[PDB]
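The chains referred to below are lettered A, B, ... by the order of the sequence lines, with proteins before strands, and numbering in each begins at 1. Computation of the quantities below employed the complete heavy-atom set of this structure, encompassing side-chain atoms and omitting hydrogens, waters and symmetry-equivalent molecules.
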Amino acid sequence: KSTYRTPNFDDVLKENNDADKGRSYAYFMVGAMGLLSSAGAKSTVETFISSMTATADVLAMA
Amino acid sequence: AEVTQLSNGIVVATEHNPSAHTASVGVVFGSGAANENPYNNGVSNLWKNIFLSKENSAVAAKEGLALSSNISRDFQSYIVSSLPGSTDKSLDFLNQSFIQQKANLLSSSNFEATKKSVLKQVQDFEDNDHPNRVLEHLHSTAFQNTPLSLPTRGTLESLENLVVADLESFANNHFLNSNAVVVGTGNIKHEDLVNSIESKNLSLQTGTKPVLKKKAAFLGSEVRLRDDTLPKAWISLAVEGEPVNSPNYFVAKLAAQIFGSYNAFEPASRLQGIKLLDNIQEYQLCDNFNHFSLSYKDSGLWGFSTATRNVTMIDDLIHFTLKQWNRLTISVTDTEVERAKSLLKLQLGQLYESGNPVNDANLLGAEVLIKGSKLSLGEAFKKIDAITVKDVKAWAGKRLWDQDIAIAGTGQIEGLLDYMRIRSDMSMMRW
Amino acid sequence: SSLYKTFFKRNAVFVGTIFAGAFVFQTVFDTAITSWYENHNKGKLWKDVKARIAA
Ligand SMILES: CCCCCCCCCCCO[C@@H]1O[C@H](CO)[C@@H](O[C@H]2O[C@H](CO)[C@@H](O)[C@H](O)[C@H]2O)[C@H](O)[C@H]1O
């Protein structure tokens, strides 16, 4: 077979009527994953950092 | 520097130049490999070869005429060169081969001898011309299932299954009057040629128009022709470029001049004012590279091609090259642009004004077929000098920044990383 | 989706915007969850028990 005859990708290729269709979806997903991760990391860090603050039993009002 | 073009029944285009010594005459049709099908692919190249066949060529040699033909994507041309005095005898041979002998050239003994020659011709190309082979496959994948994907020389399988009838069918559908332009370059006058043409009447298939098709489109993709037996790796990479008659036609060509071409063995080449050279010369990432801005009727390709024996560092070659291209959107300098302008003029000049009329014919013909006229060399320079850093940035931010690419390569390309890795380098991280 | 191309225009969302949105999310999300949680458990909470007490 001739290498110049590219195999069929029709089943995978999107009928390009909206050029930035896959891009907008991918970037939204990537962006949302980045958002929820950053909030998660912040919460995780604060959880550990706050474990070092004065314990409930040592806040005695003399 | 005169661009004269008038229309009677046929459109005549000429560009006279006093001192020339010779004159070239020929017809250029507005159809090429981009008009063929995957199955009759190579018919145009086949036509070119019989037009230059020993028989037809000997008839012109006796008369003291030289033949030349060129098969491209958007067009096709048949040229006859002669002395300034025999400017009329070239037209006799032109008409005699496109009306009288448009049945004598297609003999069963001539066709088979020619077919056998283009087969060994196209085979030799695929077997040894790796850089052009790669560039051809680049068009193939970049424009797959679209007109620009078909290779100019045609494929071996479509060629060997081609018959005399296919030639005729193509000739009767594209070698029409409304899809043609008679070009004359050398020293002969416009009025000198148009008279000899308007002298002999006869329309021959007038009013007939060529068949239509579907618009060309760029598809980010790749074709990897790995071959570990080859001593090097040849790669070509590009983004969707600019079509001819595009506002950014020149901005694109200037952008390619910024990175230019290189040859590691030429002392002077290693000294060019190209920032990319600081990166690639340390470990000698390649033997050579060259950027280009290919333009066609419906689309184009902007990118580069390269050859290398440093098979374990191909990723650095691609990485440094793409980082430089990133600069066009964010930090290209005034002096880089200015250096490009000067060098673009020098190269554009050396092309448009060579001491060979056959090149002039192809350049003139191809232009008038698309825009109905030719932009003067002096007009180009005005457009080139008018380009600012802001223009290049706006162009790059639209054509290069975070845009799909097309890749093709052959030889020892194990080190050429996956698509996504290359594609990710079309941009940079930022706050 | 053209809704994306209005705010970010074919480009990915940048870290700064991601970080900024994260601080906003944290506050909003917490209130939304606490509200639903306390409402779902109406009657069982100490807030509710204290209302039924007077001393
Ligand atoms: C481990 C603790 C977790 C910390 C948080 C996780 C990391 C969040 C990273 C968030 C955003 O990081 C961001 O990524 C996008 C790509 O996705 C980058 O975008 C870059 O690549 C994209 C994609 O080719 C281009 O469109 C864009 O023009 C370019 O700038 C952006 O400049 C960077 O700022």
Side-chain angles (χ1 to χ4, degrees), chain A residues 9-62, chain B residues 220-221 319 322-323 326 329-330 397-398 400-405 417-431, chain C:
Chain A
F9 281 106
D10 289 356
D11 56 293
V12 188
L13 288 175
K14 57 184 177 183
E15 201 159 60
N16 249 276
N17 288 269
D18 189 333
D20 308 308
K21 239 297 171 56
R23 175 187 300 243
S24 296
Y25 271 124
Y27 289 8
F28 173 74
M29 299 294 132
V30 171
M33 183 160 90
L35 190 299
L36 294 166
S37 289
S38 299
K42 183 172 179 292
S43 283
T44 298
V45 173
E46 291 171 321
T47 295
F48 283 90
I49 279 183
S50 60
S51 64
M52 286 175 67
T53 63
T55 48
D57 76 313
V58 303
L59 300 171
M61 243 59 256
Chain B
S221 58
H319 173 69
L322 268 53
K323 285 305 100 175
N326 288 158
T329 299
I330 66 171
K398 221 65 178 60
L400 273 43
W401 195 269
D402 192 25
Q403 291 298 321
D404 267 340
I405 56 183
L417 268 31
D418 57 290
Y419 187 86
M420 285 306 256
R421 261 289 195 105
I422 313 304
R423 172 63 219 260
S424 293
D425 265 345
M426 292 307 277
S427 64
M428 297 179 89
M429 299 286 286
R430 52 186 294 299
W431 194 270
Chain C
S1 183
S2 293
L3 176 64
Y4 184 88
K5 295 176 62 179
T6 62
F7 300 104
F8 313 108
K9 309 172 185 176
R10 83 147 70 232
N11 264 187
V13 186
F14 312 116
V15 262
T17 306
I18 292 295
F19 283 176
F23 284 48
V24 182
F25 175 88
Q26 193 156 269
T27 300
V28 177
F29 189 63
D30 191 53
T31 299
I33 297 300
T34 299
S35 288
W36 183 92
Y37 193 70
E38 293 194 323
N39 181 71
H40 179 91
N41 282 269
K42 195 190 295 294
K44 292 149 65 181
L45 274 19
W46 168 243
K47 302 189 309 178
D48 309 323
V49 179
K50 192 180 182 179
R52 311 232 70 229
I53 298 299

- Message: Using a 6.0 Å cut-off, check whether atom NZ of A:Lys14 has over 12 heavy atoms from anything other than its own residue.
- Response: yes
- Contact check, side chains of B:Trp401 and B:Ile330, non-hydrogen atoms, under 4.5 Å: yes
- Task: Mark yes when over 12 heavy atoms from residues, nucleotides or ligands other than A:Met29 sit less than 6.0 Å from its CE; otherwise mark no.
- Result: yes
- Note on the structure: Rounding to 0.5 Å, atoms CZ (A:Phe28) and CG (C:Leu3) come to a distance of 8.5 Å
- Query: Any idea how C:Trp36 and C:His40 line up, ring-wise: parallel (<30°), tilted (30 to 60°), or perpendicular (>60°)?
  - Reply: parallel
- Message: Would the distance check show the side chain of C:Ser35 and the main-chain N or O of C:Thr31 forming a donor-acceptor pair, the cut-off being under 3.5 Å?
- Response: yes
- Query: Does the C:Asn41 side chain pair with the main chain of C:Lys44, one donor and one acceptor, at a distance under 3.5 Å?
  - Reply: no
- Taking only residues at least two apart or on different chains, which pairs with a member in residues 30-50 of chain A satisfy side chain to side chain donor-acceptor pair (under 3.5 Å)? A:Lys42-A:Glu46, A:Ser43-C:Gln26
- B:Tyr419 and B:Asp404, any side-chain heavy atoms less than 4.5 Å apart: yes
- In this structure, CE of B:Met429 is separated from OG of B:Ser424 (nearest 0.5 Å) by 10.0 Å
- Query: Is C:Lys5 salt-bridged to A:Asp20, cutoff N-O under 4.0 Å?
  - Reply: yes
- Can you tell me how far CZ of A:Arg23 sits from CZ of C:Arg10, rounded to the nearest 0.5 angstrom? 4.5 Å
- Message: Any heavy-atom pair between the side chains of B:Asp418 and B:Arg421 that's under 4.5 Å?
- Response: yes
- Query: Between C:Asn11 and C:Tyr4, does any side-chain donor sit less than 3.5 Å from a side-chain acceptor?
  - Reply: no
- Query: Stepwise, does the side-chain contact (heavy atoms from CB on, under 4.5 Å) test hold for C:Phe19 with C:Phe14?
  - Reply: CA-CA 9 Å; C:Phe19 283 176; C:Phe14 312 116; over 6 Å; no
- Message: When you compare the side chain of B:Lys398 with that of B:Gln403, does any pair of heavy atoms fall below 4.5 Å?
- Response: no
- Message: Looking at every non-hydrogen atom in both residues, tell me the closest pair between A:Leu59 and A:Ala54 and how far apart they are.
- Response: CD2-CB, 3.6 Å
- Rounded distance [0.5 Å steps], CG in A:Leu36 versus CD1 in C:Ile18: 9.5 Å
- Can you find a heavy atom in the side chain of B:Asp402 that is under 4.5 Å from one in the side chain of A:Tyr27? yes
- Item | By side chain to side chain donor-acceptor pair (under 3.5 Å) - contacts of B:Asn326 (at least two apart) | B:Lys323
- Item | C:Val49 and C:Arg52: CA distance, side-chain angles, deciding distance, side-chain contact (heavy atoms from CB on, under 4.5 Å) verdict | CA-CA 5 Å; C:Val49 179; C:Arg52 311 232 70 229; 5.8 Å; no
- Message: Check whether A:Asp18 reaches the backbone of A:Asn16 with its side chain - one donor and one acceptor, N or O, closer than 3.5 Å.
- Response: no
- Which distance, rounded to the nearest 0.5 Å, do you find between the CG of B:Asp425 and the CG of B:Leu417? 10.0 Å
- Item | Spatial distance of atom CD (C:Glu38) from atom CD1 (C:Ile33) [nearest 0.5 Å] | 12.0 Å
